[PDB]
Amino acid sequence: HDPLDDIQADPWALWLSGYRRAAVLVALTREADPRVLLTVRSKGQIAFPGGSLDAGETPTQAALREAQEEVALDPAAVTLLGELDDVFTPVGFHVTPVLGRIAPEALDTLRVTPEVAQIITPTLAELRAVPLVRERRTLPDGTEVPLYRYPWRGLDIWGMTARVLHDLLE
């Protein structure tokens, strides 16, 4: 059990960018029409493979470890491309989106562990074409903040995940 999973399911926790640390792996396939590896947690919580860093662990190590423990993605099958800006929520959670590239075929033999119900791979083009939901909420200090939702194939990608997805698409 991970605290990141609790906070991620909180409909009201706001996420933005620009003390508890975590990381998510954002794997993109090496192809003309790039897909992104996402999971549906055992409506299920849609999220990137990931979780809190253990003691002495870096964001990258956590991201790679989580993707391997969750869907059996071999770290060596991932080319690290750097990370997007950290996304965070007021309470005290910082998430580092660790970017990586995999061969499209790598997706075929992944295996879901009990924590994950299924593996979904939206194409970046599809996420871009979907009727994005753009809302806004105000933080305690008066700071406005955008909130996104990506309606894909009947599933609702919201919260921290949609926030990273949006930074990624930009």
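Residue numbers here begin at 1 and follow the sequence given.
The modelled chain breaks between residue 42 and residue 43, where 4 to 9 residues of the deposited sequence lack coordinates. The modelled chain is continuous from residue 154 to residue 155, since every residue of the deposited sequence in that stretch has coordinates.
Mean CA B-factor, 46-54 versus 139-147: the higher value falls on 139-147. Across the two stretches, 161-169 and 2-10, the PDB entry reports the greater mean Cα temperature factor for 2-10. Taking only the listed residues 113, 123, 109, 118, the entry reports the highest CA temperature factor at 113. Across 87, 91, 73, 98, the greatest Cα temperature factor reported in the deposited entry is at 91. Ranked by Cα temperature factor within the chain, residue 63 sits in the lowest third according to the deposited record.
When the modelled residues of the chain are ordered by their C-alpha B factor, residue 133 lands in the middle third. For residue 127, the recorded CA B-factor ranks within the middle third of the chain. Only modelled residues enter the ranking.
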